[PDB]
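>>> Take a look and give me a structure for this.
(4 chains, ligands or ions: 3)
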Amino acid sequence: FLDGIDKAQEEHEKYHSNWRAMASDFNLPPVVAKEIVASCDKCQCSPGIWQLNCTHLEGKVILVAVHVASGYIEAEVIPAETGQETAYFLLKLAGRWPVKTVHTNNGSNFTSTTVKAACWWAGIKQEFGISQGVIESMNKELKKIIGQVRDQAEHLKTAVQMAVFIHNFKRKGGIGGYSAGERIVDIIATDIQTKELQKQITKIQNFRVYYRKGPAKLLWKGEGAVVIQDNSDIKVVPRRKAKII
Amino acid sequence: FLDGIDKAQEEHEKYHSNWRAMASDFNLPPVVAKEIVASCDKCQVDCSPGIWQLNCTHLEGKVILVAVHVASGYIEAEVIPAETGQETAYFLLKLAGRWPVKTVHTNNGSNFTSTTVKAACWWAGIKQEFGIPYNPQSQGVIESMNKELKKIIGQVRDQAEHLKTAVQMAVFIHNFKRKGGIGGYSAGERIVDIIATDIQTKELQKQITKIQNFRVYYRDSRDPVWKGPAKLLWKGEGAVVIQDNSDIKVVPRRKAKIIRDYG
Amino acid sequence: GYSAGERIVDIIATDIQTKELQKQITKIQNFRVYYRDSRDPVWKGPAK
Amino acid sequence: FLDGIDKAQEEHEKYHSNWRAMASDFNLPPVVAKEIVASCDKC
Ligand SMILES: [Zn+2]
Ligand SMILES: [Zn+2]
Ligand SMILES: [Zn+2]
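Numbering: from 1, shown residues only, chains lettered A, B, ... in the order given. Ligands and ions are numbered 1, 2, ... in the order given. Next comes the structure:
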């Protein structure tokens, strides 16, 4: 609130962020943020799962990719529709982010020789046929922000880049008021720490538990419950009828 | 046998190691190791790893401070020029910096009860136990290590030009190449294995608390909406075991999101 | 080592079992199914 | 046995003696004689 109204206005005239965005960033009550938004005449699964699609806008083809788990967005306008640039974009996004599976349709560009070669070289699994509602909602939201910033757009590429920047950073999302970048950072960090701790155990803790059958390995004992894994199957049993050795 | 005899006799005239070490390291028959040992004219308790014993001896007119690990027999000896509590505190802080010791056994010597020793043990949080040790086994190990170090120092004094160098060579040969009478392994290997296998409960408890601190959002097979912040128990390749209001649930990895809500 | 009666009764029992198996077959009529080969991303069909 | 392995090797490279002979004439244990015989590409 310490001179925060002026900077909130100067950033709303810059990016036109959502009310919650400048409410949380500059520490202002939601009422004044909503008033600032209204005063503007232009305003009123798994980490490796990524979805790529093609869209058409004013005689321009745009390849747009989106992380399903965190909602992060990337886009690039391809001048001449060919599979080689699709493969280039795929390898660039692989070099910028770890992707293990891509969901696309049976399009020629998505199944092109260059794209298939690049995805097989990078070891990325392919799945054809597609969730879609979230992709469409993100697409129309990015169209809305593109229309918002088109007044200052000298060229299409700069406008698309600025729209991506304001979507990923200059707008807070849903649960917890976290943007797409914050969500993807959180999920990646949690996955890394959980896998590290999982690799820490089974090097120290190794116990054999008999229930009712076989020499199952102990997984979690407590709260009057024993969860174990055996033959690639996880079973949960009460504390009774279970001996830990 | 692939020219191992020459390198073995070189490292035996330089080290005078045990024949088991020669057999294991250089892949030679035990007869060769035994004859190499014979050719040299100079040669013929499971507890908490926080227990160490410190002692002082007068050898060749000089004062030697030796610290020994009870659980493995690892030794560390230094030559102190002038007997003062400051140097004893120096050795204590050195061994505290290099090892996570928690209990020291010493006698009632003047330098053992120095103010510097008390300050160091209070600052490092190391328990102090003066008087006669309660375990005769530790005293026997002390005597065996003392006689062995005296023998090896007498053997190696000709090579070195100073007493400190001879002591360091003796501790080096004892710790790394010498094999103990139980298991036939080096003292350094034993102590490092004990240290590695000792730090398990603290890491287990901290990992359990951390994994319980996580938050999980999951959906059922036929439920399109996400559930609340279920506590996390265990993560797998394709299944995750979680708690949700004293209920244990196994969820496929496809329908599970793992997050740490910082806010 | 069994006479004509055993042969004919076994044949009729086998015929009854095959009739039951064919009834199990007729439990499935159209049941269109799609399949994939060697974990390929492409879905193949139609199949009967 | 004192450096007799080299003498056994340099005699076996020329005559290719049996393990018993090379053990007897140079005071070698039977295991060393057997491994020397085995190491020869002709025997
Ligand atoms: Zn606005
Ligand atoms: Zn020796
Ligand atoms: Zn030969």
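>>> so is the residue nearest in space to the middle of chain A in a helix, a strand, or just coil?
Nearest residue to the geometric centre of chain A (Cα atoms, centre = their mean): residue A:70, 2.5 Å. Residue A:70 carries the three-state label coil when classified by DSSP: H, G, I helix; E, B strand; the rest coil.
>>> Provide a list of residues in contact with it.
Counting by Cβ atoms under 8 Å, 6 or more residues apart in numbering or on different chains, residue A:70 makes contact with A:47, A:180, A:183, A:184, A:187. Quick note: C-beta positions are derived from backbone N, CA and C, even for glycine.
>>> Angles on the backbone of the closest residue in space to the third one that isn't next to it in sequence, please.
Distance criterion Cβ to Cβ, 6 or more residues apart in numbering or on different chains; nearest residue to residue A:183, sequence neighbours excluded, is residue A:70 at 4.1 Å. In this entry, residue A:70 is assigned phi and psi values of phi -120, psi -10 (degrees, to the nearest 10).
>>> And residue A:209, by the same measure?
Reported as degrees, to the nearest 10, the phi and psi values for residue A:209 are phi -120, psi 130.
>>> Same question for residue A:76.
The phi and psi values for residue A:76, taken as degrees, to the nearest 10, are phi -160, psi 130.
>>> got it, and residue A:234?
Per degrees, to the nearest 10, the backbone of residue A:234 is at phi -100, psi 130.
>>> hang on, it packs against residue A:217?
No. Counting by Cβ atoms under 8 Å, residue A:234 sits too far from residue A:217 to count as a contact (10.9 Å).
>>> okay, these two: which has more neighbours?
For residue A:234 versus residue A:217, neighbours defined as other Cβ atoms under 10 Å in any protein chain shown are more numerous around residue A:234 (18 against 13).
>>> What residues does that one make contact with?
By Cβ under 8 Å, 6+ apart, the contact list for residue A:234 reads A:219, A:227, A:228, B:236, B:239, B:241, B:250.
>>> Quick check: beta-bridge partners of it?
The partner list for residue A:234 in beta bridges (DSSP bridges) reads residue A:229.
>>> same deal with residue A:65?
Assigned bridge partners for residue A:65, using DSSP bridges, are residue A:52, residue A:74.
>>> sorry, back to before: list residues touching both of residue A:234 and residue A:217?
Contacts common to residue A:234 and residue A:217, judged by Cβ under 8 Å, 6+ apart, are residue A:228.
>>> Please enumerate the strands of chain A.
Secondary structure of chain A by DSSP state E: the strands cover A:49-57, A:60-67, A:73-78, A:101-104, A:125-128, A:208-211, A:216-222, A:225-230, A:233-238, A:242-244.
>>> Strand A:49-57 and the third one, what's the angle between them?
Between the direction of strand A:73-78 and that of strand A:49-57, the angle (axes from the mean of the first three to the mean of the last three Cα atoms, to 10 degrees) works out to 40 degrees.
>>> Residue A:135 touches residue A:50, doesn't it?
No. At 10.9 Å, residue A:135 does not count as touching residue A:50 under the criterion of Cβ under 8 Å.
>>> Next, show the common contact partners of those two.
Common neighbours of residue A:135 and residue A:50 (criterion: Cβ under 8 Å, 6+ apart): residue A:66.
>>> These two: who's more crowded?
For residue A:135 versus residue A:50, the count of surrounding residues by other Cβ under 10 Å is larger for residue A:50: 25 against 19.
>>> tell me the phi and psi of the nearest residue to the more buried one once chain neighbours are set aside?
The shortest distance from residue A:50 to any residue other than its chain neighbours is 4.9 Å, reached at residue A:99 (Cβ to Cβ, 6+ apart). For residue A:99, the backbone dihedrals (degrees, to the nearest 10) come out as phi -130, psi 130.
>>> Contacts only, for residue A:99.
Counting by Cβ under 8 Å, 6+ apart, residue A:99 touches A:48, A:50, A:93, A:122, A:124.
>>> what distance separates the start and the end of stretch A:215-226?
Using Cα to Cα, to the nearest Å, the end-to-end distance of stretch A:215-226 comes out at 14 Å.
>>> which of the residues in that stretch are buried?
A:216, A:218, A:219, A:220, A:225, A:226 (16 or more other Cβ atoms under 10 Å in any protein chain shown).
>>> So which residues make contact with it?
Under the criterion Cβ under 8 Å, 6+ apart, residues A:205-211, A:227-230, A:234-239, A:242, A:244, B:233-234, B:241, B:243, B:246, B:248 lie in contact with stretch A:215-226.
>>> Now find how far off-centre that stretch is within its chain.
34 Å (Cα atoms, centre = their mean, to the nearest Å).
>>> try stretch A:132-144
14 Å.
>>> Then stretch A:152-163?
Distance of stretch A:152-163 from the chain centroid (Cα atoms, centre = their mean) equals 22 Å.
>>> could I have it exported to CSV, CA atoms only?
The C-alpha coordinates for stretch A:152-163 follow below in CSV (Å, rounded to 0.1, in the frame of the first residue of the first chain):
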residue,chain,number,x,y,z
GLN,A,152,1.0,-1.9,-29.3
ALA,A,153,2.1,-4.8,-31.5
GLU,A,154,4.6,-3.8,-34.2
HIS,A,155,4.9,-7.4,-35.4
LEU,A,156,3.2,-10.7,-34.9
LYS,A,157,6.2,-12.5,-33.3
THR,A,158,6.8,-9.8,-30.7
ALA,A,159,3.1,-9.8,-29.8
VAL,A,160,3.0,-13.6,-29.4
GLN,A,161,6.1,-13.5,-27.2
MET,A,162,4.7,-10.7,-25.0
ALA,A,163,1.4,-12.6,-24.7
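>>> Can you name the residue of chain A nearest chain C?
In chain A, the residue that lies nearest chain C is residue A:126 (3.8 Å; Cβ to the nearest Cβ).
>>> Tell me where the longest helix sits in chain A.
helix A:180-200 (DSSP state H).
>>> Next, the buried residues of that helix.
Buried residues in helix A:180-200, counted by 16+ other Cβ under 10 Å: A:180, A:182, A:183, A:184, A:186, A:187, A:190, A:191, A:194, A:197.
>>> quick one on the thing from earlier: just curious, which of the contacts of residue A:70 is nearest to ligand 2?
residue A:47 (60.5 Å; Cβ to the ion).
>>> isn't that closest one right up against residue A:69?
Yes. Here residue A:47 reaches residue A:69: they are 5.6 Å apart, a contact under Cβ under 8 Å.
>>> Overlap of the contact sets of these two?
Counting by Cβ under 8 Å, 6+ apart, the residues touching both residue A:47 and residue A:69 are A:184, A:187.
>>> Between the two, tell me which one has more neighbours.
residue A:47 (21 against 18).
>>> Pull the contacting residues for that one.
Residue A:47 neighbours (Cβ under 8 Å, 6+ apart): A:67, A:69, A:70, A:98, A:184, A:187, A:188, A:191.
>>> And residue A:241, by the same measure?
A:211, A:212.
>>> for ligand 1, what are the nearby residues on chain A?
Counting by Cβ under 5 Å from the ion, chain A comes close to ligand 1 at A:16, A:40, A:43.
>>> OK, contacts around the last one?
Counting by Cβ under 8 Å, 6+ apart, residue A:43 makes contact with A:16, A:37, A:148.
>>> Just give the nearest non-adjacent residue to residue A:214, would you?
residue A:230 is the one closest to residue A:214 (Cβ to Cβ, 6+ apart), at 5.8 Å.
>>> quick one: that neighbour and ligand 2, what's the gap?
Here the criterion is Cβ to the ion, to the nearest Å. By it, residue A:230 lies 54 Å from ligand 2.
>>> cool, and residue A:86?
For residue A:86, the distance to ligand 2 equals 73 Å [Cβ to the ion].
>>> for residue A:173, same thing?
74 Å.
>>> same question, residue A:202
From residue A:202 to ligand 2 the distance is 45 Å (Cβ to the ion).
>>> quick one, phi psi at that residue?
Per degrees, to the nearest 10, the backbone of residue A:202 is at phi 70, psi 0.
>>> neighbours of it, just the number please.
Using other Cβ under 10 Å, residue A:202 is surrounded by 10 other residues.
>>> Then residue A:148?
Neighbours of residue A:148 using other Cβ under 10 Å come to 16.
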